[PDB]
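Take a look at this single chain, the form deposited in one PDB entry, given in structure tokens.
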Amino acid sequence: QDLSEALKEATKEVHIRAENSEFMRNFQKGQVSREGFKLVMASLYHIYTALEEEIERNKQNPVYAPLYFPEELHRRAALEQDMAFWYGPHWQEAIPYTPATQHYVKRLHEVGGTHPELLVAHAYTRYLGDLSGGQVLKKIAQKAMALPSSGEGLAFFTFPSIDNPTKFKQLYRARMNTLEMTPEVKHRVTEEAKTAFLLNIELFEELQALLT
């Protein structure tokens, strides 16, 4: 079974629970406010920063290299623009760093530093989600908070180097299937992807609580 297929099959159930988490439900209903949005984007700032830092550390490692797409996918620079937009010039010392965010970041560094062969599970989970559900949330965000079509405040949800996200995802799935793969690695990779989803679910539950 191809890795791409193994991953989709392995995370399809937790994906359902993830997109139906309270925070995402309210978001999809359009009940998302500036406070909540700023909180989740700041958290994403930390997460992608850690993720992309580990990607750089392993860009030349064969167990990840085929998926090294900084120009097309990386979100840190975009998140930094969004942070300046929502938090101002000194967003650096203004943004929050929640426990659930720290937990996620912690795992990202363990993987990147000790289990680089599992890093693909974390890139897959975040990036392909960004190119799928994230695009739907983008429209909802714009309508709900009156964000300009010009993109300010939503740079994270914008991929200027990707013309067709659908075609890109196809490319990415096929590229995932070129990675050296053994039963041991395939099993663990799909397992780490489920973990990635859970870390996300826990972030949402934490953020939802903080808002209430």
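The first residue of the shown sequence is 1; numbering continues from there. Here the rigid core means the biggest group of C-alpha atoms that line up within 1.5 Å when the two forms are laid on top of each other.
- The mean Cα B-factor in the deposited entry runs higher for 17-25 than for the other of 17-25 and 191-199.
- Looking at 118-126 and 94-102 together, the entry lists the larger mean B-factor for 94-102, computed on C-alpha atoms.
- For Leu73, the recorded CA temperature factor ranks within the lowest third of the chain's modelled residues.
- Remark: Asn177 belongs to the middle third of its chain, ranked by C-alpha B-factor as recorded.
- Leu39: CA B factor lies in the middle third for its chain, per the PDB record.
- Ranked against the other modelled residues of its chain, the C-alpha B-factor of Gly133 as given in the entry falls in the middle third.
- Annotation for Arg57: C-alpha temperature factor in the middle third relative to the rest of the modelled chain, per the entry.
FYI, the form deposited in another entry isn't displayed, but the following is about it.
- No residue in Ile140, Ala100, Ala84, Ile95 other than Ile140 shows a CA shift of 2 angstroms or more between the shown form and the other one after fitting the rigid core.
- Superposition on the rigid core between the shown form and the other one places the CA atom of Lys59 less than 2 Å from its counterpart.
- Superposition on the rigid core between the shown form and the other one places the CA atom of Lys29 2 Å or more away from its counterpart.
- By 3 Å or more, the C-alpha separation between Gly134 and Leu207 grows in that other deposited form relative to the form shown here.
- Between this form and the other one, the CA-CA gap for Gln28 and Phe157 narrows by 3 Å or more, being smaller in that other deposited form.
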